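Trainee: Here you go, one structure.
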Amino acid sequence: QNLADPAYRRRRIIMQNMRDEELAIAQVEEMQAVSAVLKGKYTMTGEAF
Amino acid sequence: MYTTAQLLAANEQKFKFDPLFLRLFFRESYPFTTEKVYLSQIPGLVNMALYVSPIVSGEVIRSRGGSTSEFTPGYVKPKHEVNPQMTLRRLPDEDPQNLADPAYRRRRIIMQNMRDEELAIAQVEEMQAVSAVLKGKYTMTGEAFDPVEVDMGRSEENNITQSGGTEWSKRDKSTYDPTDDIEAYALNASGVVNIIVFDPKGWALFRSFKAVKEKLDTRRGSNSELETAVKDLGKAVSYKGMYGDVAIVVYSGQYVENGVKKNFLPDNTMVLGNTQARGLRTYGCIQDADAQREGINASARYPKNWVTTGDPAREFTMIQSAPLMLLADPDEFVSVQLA
Amino acid sequence: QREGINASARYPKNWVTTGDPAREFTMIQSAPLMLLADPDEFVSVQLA
């Protein structure tokens, strides 16, 4: 009932993207601590690393 | 060596281009903001109220409507080069008795390139307009672009072809009268007709009949049509004059392919049209990443100049748009294919 | 490195690529190195 220009969608996508990137960073920052105080050892391994 | 040669003005060599369609029928242009492009045409047809007396009041009437069509995409972008190493020499302009720095030359060639891109966009638009008011069906296709078909909604009565045994070619050149054919073709026009634009060669056989002699056919016969012809000069349009209630316009516009010229109109066609027939010069949305940053998503044209990094530095210039020429009512014209 | 952000928690960066097909990216950069000063201060019992 109330559309918007195809420009404002770009900023909506941009802020949603920043939110997802921050969430992913905060999520990868937690597995380190979980493994650290769950086993005493940790491994940073994966493709292209 | 020791020459000291001064240069006068240089030629232009503009081959031929006079639209007459983006200036006579498509005077209205509205931009897009959404994916779909609706276009409705209410079927106005009302009955009478013959006799009913104010004692036995009866039947009621019906509301109307029921037409809709969508013509979505459109697109075009003629990118050009900047020639970073061509500015060290001298152009055919810039007379050799007053040179200039190789910086202003870059600005001049950029302006020339932008003008060429604008001309290319205009020539693309005119092909769309010619297909639109020539067949009622358009096809946008080409390399690196999937075909898109726009079915205007034209009926089959407005695509009369002479094919048969009576076209014109085997009639008498001195006694036959083609005005009755004109009336027969113009009866199913859904509007008054006063322009019958011919082809540059389709006008040859039309003048062959002697019935045209009684017609005015003078260089000064009209006011609006003559004024528009003066506007669109360039030796591509020749307004012959009146044919009664209808004017004669010979449109010989040309568009350039990869390297060759081609005619906008086929060999033998005629179009029964209206001077006030409303047509849409509507425009699409620029789906470019850089364009959306400045909020120029909806625009008729979009120039853009940028430069690439690296050891060889090169500039570029581009003009993006999306012409999707349209008509409110396709049935306002009659396309007769002569033979 | 040009703006002296050699040491930071996160780093956002938005950049658009040139060329006829244009696209803009946004990226977050960091280097989490979660460390425990005293490893033996915990006992992880794996229940069954």
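As shown in the structure tokens, the chain order sets the letters A, B, ...; within each chain, residues go from 1, and ligands are also counted from 1 in the order they appear.
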Just want the 8 Å neighbourhood of residue A:37, counted on only C-alpha atoms, with same-chain residues fewer than 5 positions away dropped. Output as a list in words.

Mentor: residues 36, 39, 42 and 44 of chain C

Trainee: With N, CA and C atoms retained, export the selected residues as a PDB file, in the first residue's frame.

Mentor:
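Output saved as out_22.pdb:
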```pdb
ATOM      1  N   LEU C  36      43.401 -18.114  27.283  1.00  0.00           N
ATOM      2  CA  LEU C  36      43.220 -18.342  28.709  1.00  0.00           C
ATOM      3  C   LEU C  36      44.571 -18.233  29.401  1.00  0.00           C
ATOM      4  N   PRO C  39      45.422 -22.238  32.123  1.00  0.00           N
ATOM      5  CA  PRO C  39      44.616 -23.337  31.566  1.00  0.00           C
ATOM      6  C   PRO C  39      44.028 -24.272  32.609  1.00  0.00           C
ATOM      7  N   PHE C  42      40.234 -24.787  35.304  1.00  0.00           N
ATOM      8  CA  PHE C  42      38.929 -25.330  34.961  1.00  0.00           C
ATOM      9  C   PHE C  42      39.011 -26.845  34.860  1.00  0.00           C
ATOM     10  N   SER C  44      36.722 -29.790  32.918  1.00  0.00           N
ATOM     11  CA  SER C  44      35.629 -30.046  31.980  1.00  0.00           C
ATOM     12  C   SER C  44      35.211 -31.507  32.116  1.00  0.00           C
TER      13      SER C  44
END
```

Trainee: Quick one: everything within 7 Å of stretch 216-228 of chain B, counting only C-alpha atoms, minus sequence neighbours fewer than 4 positions away in the same chain. Send it as a PDB file with N, CA, C and O atoms, in the first residue's frame.

Mentor:
```
ATOM      1  N   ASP B 232      11.853  19.859 -37.678  1.00  0.00           N
ATOM      2  CA  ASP B 232      12.545  18.597 -37.928  1.00  0.00           C
ATOM      3  C   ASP B 232      13.236  18.582 -39.285  1.00  0.00           C
ATOM      4  O   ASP B 232      13.260  17.553 -39.966  1.00  0.00           O
ATOM      5  N   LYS B 240       4.607  17.040 -48.525  1.00  0.00           N
ATOM      6  CA  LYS B 240       4.138  17.312 -49.879  1.00  0.00           C
ATOM      7  C   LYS B 240       2.998  18.325 -49.888  1.00  0.00           C
ATOM      8  O   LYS B 240       2.975  19.231 -50.729  1.00  0.00           O
ATOM      9  N   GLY B 241       2.049  18.192 -48.971  1.00  0.00           N
ATOM     10  CA  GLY B 241       0.916  19.085 -48.909  1.00  0.00           C
ATOM     11  C   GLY B 241      -0.339  18.335 -48.522  1.00  0.00           C
ATOM     12  O   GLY B 241      -0.281  17.286 -47.883  1.00  0.00           O
ATOM     13  N   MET B 242      -1.480  18.890 -48.918  1.00  0.00           N
ATOM     14  CA  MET B 242      -2.780  18.330 -48.584  1.00  0.00           C
ATOM     15  C   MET B 242      -3.240  17.313 -49.624  1.00  0.00           C
ATOM     16  O   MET B 242      -2.870  17.366 -50.798  1.00  0.00           O
ATOM     17  N   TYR B 243      -4.071  16.377 -49.161  1.00  0.00           N
ATOM     18  CA  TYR B 243      -4.729  15.392 -50.010  1.00  0.00           C
ATOM     19  C   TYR B 243      -6.237  15.449 -49.812  1.00  0.00           C
ATOM     20  O   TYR B 243      -6.928  14.433 -49.946  1.00  0.00           O
TER      21      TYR B 243
END
```

Trainee: For chain A against chain B, which residues fall within 12 Å using only C-alpha atoms, given as a list in words?

Mentor: residues 3, 4, 5, 6, 7, 8, 9, 10, 11 and 14 of chain A

Trainee: Can you list, as a PyMOL selection string, all residues belonging to chain A that DSSP tags as helix (DSSP H, G or I)?

Mentor: chain A and resi 8-39

Trainee: Residues of chain C no more than 7 Å from chain B, counting only C-alpha atoms: send them over as a PDB file with C-alpha atoms, in the first residue's frame.

Mentor:
```pdb
ATOM      1  CA  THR C  18      35.052   0.226 -11.247  1.00  0.00           C
ATOM      2  CA  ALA C  22      29.654  -2.080 -10.995  1.00  0.00           C
ATOM      3  CA  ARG C  23      29.286  -3.710  -7.586  1.00  0.00           C
ATOM      4  CA  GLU C  24      29.888  -2.458  -4.058  1.00  0.00           C
TER       5      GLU C  24
END
```

Trainee: Quick one: residues within 9 Å of residue C:9, only C-alpha atoms, excluding same-chain residues fewer than 4 positions away - as an NGL selection string?

Mentor: :C and (29-32)

Trainee: Residues of the last selection are to be written out with N, CA and C atoms, as a CSV table (one decimal), in the first residue's frame.

Mentor:
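What follows is the written file selection.csv:
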```csv
chain,number,residue,atom,x,y,z
C,29,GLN,N,36.7,-6.7,9.2
C,29,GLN,CA,37.9,-7.4,9.4
C,29,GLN,C,38.3,-7.4,10.9
C,30,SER,N,38.8,-8.5,11.4
C,30,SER,CA,39.3,-8.5,12.8
C,30,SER,C,40.2,-9.8,12.9
C,31,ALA,N,40.7,-10.0,14.1
C,31,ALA,CA,41.6,-11.1,14.4
C,31,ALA,C,41.4,-11.6,15.8
C,32,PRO,N,40.3,-12.3,16.1
C,32,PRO,CA,40.1,-12.8,17.5
C,32,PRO,C,41.1,-13.9,17.9
```

Trainee: Report the distance between atom CA of residue C:28 and atom CA of residue A:45 in Å, rounded to one decimal place.

Mentor: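 About the pair atom CA of residue C:28 and atom CA of residue A:45: they are 19.6 Å apart.
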